[PDB]
Every structure is written in structure tokens, then in C-alpha cells.
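For reference, the chain that follows is the form deposited in one PDB entry, supplied as C-alpha cells.
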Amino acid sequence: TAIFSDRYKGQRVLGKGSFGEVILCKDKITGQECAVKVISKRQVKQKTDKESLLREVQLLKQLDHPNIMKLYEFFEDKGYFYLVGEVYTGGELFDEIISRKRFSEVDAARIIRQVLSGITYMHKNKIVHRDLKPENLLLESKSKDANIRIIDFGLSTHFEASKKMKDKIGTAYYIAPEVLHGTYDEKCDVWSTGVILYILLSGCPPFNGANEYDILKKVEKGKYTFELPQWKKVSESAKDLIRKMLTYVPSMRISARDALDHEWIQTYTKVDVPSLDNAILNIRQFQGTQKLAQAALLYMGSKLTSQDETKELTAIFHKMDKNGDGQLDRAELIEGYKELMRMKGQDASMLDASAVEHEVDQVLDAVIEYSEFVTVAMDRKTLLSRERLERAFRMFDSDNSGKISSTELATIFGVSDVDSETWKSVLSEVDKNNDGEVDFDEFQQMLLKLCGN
């Protein structure tokens, strides 16, 4: 009954999350800022009925814990769901960890106590996460003492997971084996936390592989070891907790509540404690790899979307061109730009007609010839993905060599799920005399060829 766009105005894009885009919105009356997740009904299938989702939303809005994202409102229209809640500005936990100079078991214990405290509270209220991963751990604010906030508790119960690799990066490392076979309960979140803890103390995923399916095979077998040099400096109580959290049979696995009472959490959140330097280095490399694979898939996705929309907007304006002089008025360009989103679905950044008019005004200030309007309007859509790709390449290239080796390409394309023979074939066409490494432009050329260009 209540309309989302009548209450809130979209201010900035916050980024892509599970099931949808996240937008920084502001209440038009009170000035309250909020983070809004927009879920497209045509792209995301519902697992439950309308009344089951309404009942969970009503419960989720009443729950309150300092390590759980606060939900404020919920809206639904013909084609979307709008989940409105509190905005957190500290970024992803792992992006803050790689910025600091030192990281010890005290820092890892304080992180995991917060995550376990939030999970314990949500399990007492019969809510399961299922998709707990570092990307769902946000820091409340930019301060070094900020609490961790878990986002997306309870959503996996009501929305089906995306099958596209651009939406599944990192997910295979943390998923509990019982989730893969279909019988699972709240203990799956203890397993996921166990994996995160293993990565915080060693910087290496316990279940790894050269591609998504190889990771899932290791997860399904459930076997892992503490046979890496970096585990020698870690306490025995930490390894005991990980062992209890990564116990295969969920009825034998420790509960979130009992993981809080574990000796490791009690000792390290209240006796020599060195900095886990090799772990930080490995987390920094792991984070850079995941972000570059993700940036590569989103670059290819936005390039295909841009090609689709460039051609559709050209056809719309060509039909609207009454005399065929290649030119149109501002009012006509709004009509055609609105027509594009009416058929291709509403864009998260274009919440209502007023947002569409402002986007058209920004393009008209740079450039009337409708072909020029199309080019500038579509380059603005890809801007973020192109600069994210170059920035992620530069971050991955930690020695500033300007190049990425074939072994690094194999790792990146493995995480991106691009077949080995497919990317090597593309590399041969970009540079016929390739010498086992590519610069940024050659890498970008490879991605353009990997999406039909």
C-alpha cells in the first residue's frame, strides 16, 4: 500500500549485494539516511509465499543486536522488493584488516566474538544466514574500534541464490557441506564462521581449488589441515575451536553459543601475542585476487548490458525521429530514456521519473544529436565498472611491475570460472608473441574478447 519512492530519494549507489543493488537513500521528510536493497522480482525467484516473507520481515524489523544490521522498512511494488535499513560506512571487514600494520589472535578473537555474538542472537530467534562470508561483514563506521555488522540474515530462506559467477565470487569457500546436499539448520553458520576464522589466522581458505567446482569438491569431502608454516605461531586453543566449528556432521558441530564460551574466545578477548604477518600478507593477496576476478566479471557484464542498451536506445530514438534529421528535443530524450527502463526494467539508480530526468540533464550538459546522447549516456553506465577494473588490476599488481604472469592469469580466471583453453586462445589473438605475462591493456583486451568483442 505504501510507495517506496514517495518516502525516499536515492542519493548515491552503495554497490552490488546478494539479490540486488544497494542504494544510499534519504527520507524526504525526516532526512534519515538509509541503505536500501532493491531486489528485482524478474531476476530473483522467491522460495516462499508472500505471507511467509511478510511474517519474517515483521520479525526481522523487531530484532536488535549490535552485530546485526538493523532493518527499518519493507516495500513491494509490481516488479521489486525494497529492504530499507541502517547504513554502515566502515566498509568490508577484510578491506580494513589489509590496511592495518599488525594483526594478532587478539584482533581475530575480537572479530569472531562479535560475529558469534550476532549469530547466537539470531539463532535464538530461529533465523539462519546460510551465506555468511567476509563480504557480509561490514564495519559500522570508519573508526578503528567500530563494531562488525552482519548483513543479509534471513534472506536466503526467501530468495533463490544466483547461478551467475559474477554473483557467486567467494561463496564456495564458506558454504557448509550440508547446504550442498539440502538438509541444513542453523549449524551451517558455525561452519561458515569456522572458515572465516581459519582465513583470519592463516590468510588461506581451508577448502581451496583452481575453480568453483574444485572448491566445492574439497568442501563436500570436508578434509583440511593446519600443515602451513603460518599455523606454527597460532595457539592450540584457536585450532581446537576451528576443529569444533569445522566438524562435518552438524549435530556434532559446536553451537554458536558454545563457541563464545570456548577457551580461545575467553582468553584472547580479556600470554605472548605476536603479529600474524604471513597471515596479513596472504589475506591481502587473497583479497586482491577475489576483487580482480569480481571486477573482471562485472566489466564483461556491464559491456554486454551496454551493447544491449546502446542498440535498444538507438532504435527507440530512431522511431521517435519524425523527419529523420538525427536530432531530438529534451522532452523526447526523457520519453525514450524512460521507455528504455520501462521495457528493460527500472534501474536501481533511477528510482523514479525525477531521477531519470536528472540523468538526462547530466548527459545534455556534456552533449540535439541523439547518437551523441546515446554514447555519453551509456559510457556513464560503464564508468564505475571500467575504473573498478583498472583499480583492481593495480591493487593486484602489488610489486607495481605493470604486468600479471600466466600463473596469476590462471588463478584470476580460475576464480572467475573462465575455462583455461578459452582464455589462452583469447590471449593468442590479443598478442601473438605473448611472453607469459600481460599488461593492463592486454588484460582488458582479453576480457573484451571473452564477452564477444
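Numbering starts at 1 and runs along the sequence shown. Superpose the two forms; the largest set of C-alphas matching within 1.5 Å is the rigid core.
> Tell me whether residue 352 is absent from the model in at least one third of the other entries compared, counting only those where the residues either side are present.
Residue 352: unmodelled in a third or more of the comparison entries.
> Is residue 383 a gap in at least one third of the other compared entries?
Modelled in all the others, so no.
> Which class fits the unmodelled deposited stretch between residue 367 and residue 368: none, 1 to 3, 4 to 9, or 10 or more?
Missing residues, residue 367 to residue 368: 4 to 9.
> What size is the break between residue 181 and residue 182 in terms of deposited sequence residues left without coordinates: none, 1 to 3, 4 to 9, or 10 or more?
The entry has no gap there; residue 181 and residue 182 are joined directly.
> Higher mean Cα B-factor in the deposited model: 319-327 or 83-91?
Stretch with the higher mean C-alpha B-factor: 319-327.
> Do the CA atoms of 70-78 or those of 221-229 have the higher mean B-factor in the entry?
Per the deposited B-factors, the answer is 221-229.
> Specify which of 240, 189, 332, 258 carries the largest Cα B factor in the deposited PDB entry.
If I rank 240, 189, 332, 258 by C-alpha B-factor, first place goes to 332.
> In terms of recorded Cα temperature factor, pick the maximum from 158, 130, 291, 144.
Top of the list by C-alpha B-factor: 144.
> Would you check the entry's CA temperature factor for residue 373 and let me know if it's in the chain's lowest, middle or highest third?
Highest third of the chain for residue 373's C-alpha B-factor.
> Once the chain's modelled residues are ordered by C-alpha B factor and cut into thirds, is residue 116 in the lowest, middle or highest one?
As the PDB entry reports it, the C-alpha B-factor of residue 116 lands in the lowest third of its chain.
> Which third, lowest, middle or highest, does the C-alpha temperature factor of residue 11 belong to within its own chain?
Ranked within chain, residue 11 CA B lands in the middle tercile.
> Going by the entry, which third of its chain does the Cα temperature factor of residue 177 land in?
It falls in the bottom third of the chain.
> Residue 267: which third of its chain by C-alpha temperature factor?
Highest third - that is where residue 267 ends up once the chain's C-alpha B-factors are sorted.
There is also a form deposited in another entry; it is not shown, and the following applies to it.
> Looking at 93, 360, 87, 234, which has a Cα shift of 2 angstroms or more between this form and the one not shown when the rigid core is held fixed?
The one that moves 2 Å or more is 360.
> Rigid core fitted, is the C-alpha displacement of residue 118 between this form and the one not shown 2 Å or more?
No, the C-alpha moves less than 2 Å.
> Just checking, between this form and the one not shown and with the core aligned, does residue 385 shift 2 Å or more at the CA?
Residue 385 C-alpha, core-superposed: shift of 2 Å or more.
> When the rigid core is used for the superposition, does residue 437 move between this form and the one not shown (threshold: C-alpha shift of 2 Å or more)?
Yes, because once the rigid core is superposed, the C-alpha of residue 437 moves 2 Å or more between this form and the one not shown.
> Taking the shown form as reference, are the C-alpha positions of residue 356 and residue 41 brought closer or pushed farther apart in the other entry, with a change of 3 Å or more?
Distance between the C-alphas of residue 356 and residue 41: shorter in the other entry, by 3 Å or more.
> At a change of 3 Å or more, would you call the C-alpha separation of residue 42 and residue 384 in the other entry closer or farther than in the form supplied?
Residue 42 and residue 384 sit farther apart in the other entry.
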